[PDB]
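Protein chains in written order, with our numbering: chain A, 9 to 103; chain B, 596 to 689; chain C, 5 to 8. Quick reminder that beta carbons are idealized off the backbone N, C-alpha and C, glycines included. Heads up, the thing below is written out as structure tokens.
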Amino acid sequence: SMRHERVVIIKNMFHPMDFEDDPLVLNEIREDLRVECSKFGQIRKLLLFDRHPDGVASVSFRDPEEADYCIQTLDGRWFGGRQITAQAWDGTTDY
Amino acid sequence: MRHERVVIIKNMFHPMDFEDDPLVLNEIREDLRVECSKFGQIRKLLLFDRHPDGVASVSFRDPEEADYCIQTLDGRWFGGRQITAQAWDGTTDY
Amino acid sequence: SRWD
């Protein structure tokens, strides 16, 4: 929503039950995401909201073009049954 | 001498895919009909929506169409899942 | 469509 927003919100990337019966899956998913997103730009912060029912992650980049690139590439990508969405953070919603 | 016409596809879905949205099962069934119709005439199409392995069966009019469907679909990607496709054993009920 |  901000003119030069650097924070990307990714949704539908997991369900919290994915982590119930194997505690290694969370770290695998987190680094899978870090590996993919570091092709797009310098990551300043990466967060998985591992109990959010909507499967939310946020990736903060150094430059707005990096967030724009990430969004373009990831949004609508299929992943374990769901289309993930990727959008600029509105600058207010918590997860 | 069995000329098997039935293809068994696995890992095409998970039953939890359907629990939130009651339209997804028919959506993916029809998506499978469209793709499989590229290989030949379909006689019968079944999705076993409670099976944890994500199993569907596709029965073709001719064994050559089943063979071609198996060659093309095994290892392909459907909704972000890699599927397997193989000849039915003729005895297992999913 | 979810294909490929």
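Between the region 629-638 of chain B and the region 654-668 of chain B there are three or more C-beta pairs closer than 8 Å, enough to call the two in contact.
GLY685(B) and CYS631(B) have their C-alpha atoms spaced approximately 20 Å apart.
Under the three-state reduction of DSSP output, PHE69(A) falls in the strand class. The alpha-carbon separation between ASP26(A) and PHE608(B) amounts to approximately 15 Å. In the DSSP secondary-structure assignment, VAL15(A) is bridged to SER68(A).
Annotated as proximal: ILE603(B) and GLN681(B), with beta-carbon spacing under 9 Å. Contact of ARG38(A) with chain B is not assigned, every C-beta pair being separated by 9 Å or more. Only those residues of the region 623-648 of chain B whose C-beta falls short of 8 Å from the nearest C-beta of chain C are listed: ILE623, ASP626, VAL629, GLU630. Short of 8 Å from the beta carbon of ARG600(B), and not among the five residues preceding or following it, lie these beta carbons of its own chain, in chain order: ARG638, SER654, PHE655, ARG656, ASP657, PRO658, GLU660, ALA661.
By the criterion of a C-beta distance shorter than 8 Å, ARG645(B) is surrounded in its chain by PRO610, once the five residues flanking it on both sides are discounted.
Ranked by Cα distance from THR687(B), the options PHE673(B), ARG628(B), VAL650(B), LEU620(B) are led by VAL650(B). Neighbours of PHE613(B) across chain C, judged by C-beta separation under 9 Å, do not exist; the nearest C-beta is about 14 Å away. Taking all protein chains shown into account, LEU618(B) has fewer than 16 neighbouring C-beta atoms within 10 Å of its C-beta and is therefore exposed. Per DSSP, reduced to three states, the secondary structure at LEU642(B) is strand.
As computed with DSSP, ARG6(C) is found in no beta bridge at all.
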